[PDB]
C-alpha cells in the first residue's frame, strides 16, 4: 500500500497569513493527489485535485503543488472560515489512502470568558441525580482551568468538560464543566462554586450559589 505522511498535525496562524500544509507519499503517486477540507460537523469537501488544480467554487487563495513525492497545500490569506481539518489523499494505487490530517486554527486577541453557573433543575432533582453546570463563554485562547468547590472543598473525579471547536465567526471557544452528584449528596451541602482561571482575567473568577436560594 501507499501511505501519505502529513505535517504538521496542528497549525495556528493569524487572519491574512500564508499557511502551508504538507503531505509526503511513501512512493511515486505521480500527480494523483487531492486535498479536502472538513469543517466542524461537516463532510470532507474537495479543494484541490490532481495535485494543483482548483475545484470549481473553491476560493483562489487555495493552491496546491507537487515536487516528486512531496505535496503542499497553501492558503495564501488565511480567513476565519478556513478553520477546519485538511486531508490529502492519493488515488494512484488501490487502496486509495488519506493523510492523518492537519488541524488549522486562528490566532486572535485574548478574550476573557463570561462565566455562568446553573444549579440542577427542580425536574432533575426529582430523579435522584444533580447536575451543576459551569459555562465559560466566548473566550480565547482555549487554555482554561475550571475547579469545583462544594462548601469550599475542592472536588475531584466528579466533573467533565466539553469544549466547542473554534468559532468560525469570532474565533473564540466556549466550554462547559459539569459536576455530577447524587440528589442526597447535593442536599447535604449548601455552597456550590466554580472557579475559573484564564489568561484574560487579572485573577481567577469564582461563580457560585447557595442551594435553595432563588
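Numbering follows the first chain given and starts at 1.
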Of 171-179 and 149-157, the stretch whose C-alpha atoms average the higher B-factor in the entry: 149-157
Of 105-113 and 128-136, the one with larger mean CA B-factor: 128-136
Given 79, 121, 89, 74, the residue at which the Cα B factor reaches its maximum: 121
So, residue 38's CA B-factor, relative to its chain, sits in which third? The lowest
Using only modelled residues of the chain, where does the Cα B factor of residue 163 rank: lowest third, middle third or highest third? middle
Give the position of residue 200 by CA B-factor within its chain, expressed as the lowest, middle or highest third. lowest
Taking only the Cα B-factors deposited for this chain, tell me whether residue 62 sits in the lowest, middle or highest third. middle
Third assignment of residue 18 from its chain's C-alpha B-factors: middle
